[PDB]
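Sequences listed follow chains D and O, in order.
Per the deposited numbering, the first sequence runs over residues 302 to 451.
Per the deposited numbering, the second sequence runs over residues 251 to 298.
Where is the CB? At the ideal position from N, CA and C, for every residue including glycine.
The block underneath contains the structure these notes are about, expressed in structure tokens.
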Amino acid sequence: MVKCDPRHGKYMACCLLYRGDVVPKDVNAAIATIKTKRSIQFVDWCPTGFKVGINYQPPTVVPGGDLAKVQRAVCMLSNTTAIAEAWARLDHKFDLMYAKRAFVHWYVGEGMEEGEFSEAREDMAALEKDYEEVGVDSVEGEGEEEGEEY
Amino acid sequence: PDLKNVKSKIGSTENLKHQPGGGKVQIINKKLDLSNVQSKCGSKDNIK
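What follows is the structure in structure tokens.
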């Protein structure tokens with residue numbers, strides 16, 4: 302529900318919330334199945350990468366809706382470098398308006414500083430590099446593509 | 251528009267020397283002394 306490719310990012314933390322007719326062993330098996338499909342790479346500095354919650358009440362759809370009804374359902378909150386890479390875009394659209402100082406008088410006109418925009422850009426650029434440092438998880442490798450001679 | 255290659259804030263900078271290493275244990279014990287021994291259930295004088 303955010304326009305970023307998770308396969309391009311790296312997973313960092315997940316909370317999974319379960320509703321309705323749900324079995325703890327089947328939740329365990331579902332999450333174990335994700336951890337064995339390690340192509341869904343989580344950070345190597347946090348192997349214990351899941352939180353779980355389970356509640357007995359199934360979801361209700363408000364009449365006039367379109368969502369199918371279900372005996373059980375799943376909600377997730379996920380932290381991943383992909384959504385900071387979406388922020389790195391929103392910052393390079395700020396940068397383009399500020400590189401021509403477009404619109405800044407509608408905000409300096411309220412008794413802000415132009416100095417505030419320059420502060421804000423730099424704070425954001427520091428955040429993108431904060432996320433770059435934790436994208437760099439110093440995970441170990443697997444193999445080479447070629448063999449050797451003797 | 252050149253930002254001057256802005257640096258991150260604020261990272262795992264306190265971990266850059268960290269591993270950490272392990273301590274040691276060695277147990278290992280001393281022998282008790284059982285050298286205070288003599289039997290009584292025989293004869294040392296009336297044998298003569």
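Per-residue DSSP class, three states only, for residue i
{"i": "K430/D", "result": "helix"}
{"i": "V375/D", "result": "strand"}
{"i": "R422/D", "result": "helix"}
{"i": "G354/D", "result": "strand"}
{"i": "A314/D", "result": "strand"}
{"i": "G436/D", "result": "helix"}
{"i": "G321/D", "result": "strand"}
Exposed unless 16 or more other CB atoms sit within 10 angstroms - verdict on residue i
{"i": "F404/D", "result": "exposed"}
{"i": "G310/D", "result": "buried"}
{"i": "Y432/D", "result": "buried"}
{"i": "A385/D", "result": "buried"}
Residue i and residue j closer than 7 Å at C-beta
{"i": "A400/D", "j": "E429/D", "result": "no"}
{"i": "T382/D", "j": "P307/D", "result": "no"}
{"i": "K259/O", "j": "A427/D", "result": "yes"}
{"i": "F343/D", "j": "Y312/D", "result": "yes"}
{"i": "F351/D", "j": "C315/D", "result": "yes"}
{"i": "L378/D", "j": "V353/D", "result": "no"}
{"i": "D322/D", "j": "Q358/D", "result": "no"}
{"i": "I335/D", "j": "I341/D", "result": "yes"}
{"i": "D345/D", "j": "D438/D", "result": "yes"}
N- and C-terminal bounds of the alpha helix (DSSP H) containing residue i
{"i": "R339/D", "result": "Careful: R339/D lies outside any alpha helix (DSSP H) and carries neither H nor E."}
{"i": "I384/D", "result": "382 to 399"}
{"i": "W346/D", "result": "No alpha helix (DSSP H) contains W346/D, which DSSP labels as neither H nor E."}
Residue i CB to nearest heavy atom of the ligand MN below 6 Å
{"i": "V362/D", "result": "Here there are no bound small molecules, and the ligand MN is not part of this structure."}
>> Taking beta-carbon pairs under 8 Å, can you tell me which members of the segment 323 to 356 of chain D lie near chain O?
In response: none
> For the segment 252 to 272 of chain O, which residues have a CB atom closer than 8 Å to at least one CB atom of chain D, in sequence order?
Replying inline: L253, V256, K257, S258, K259, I260, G261, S262
> the segment 396 to 410 of chain D: which residues have C-beta closer than 9 Å to a C-beta of chain O, in chain order?
Replying inline: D396, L397, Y399, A400
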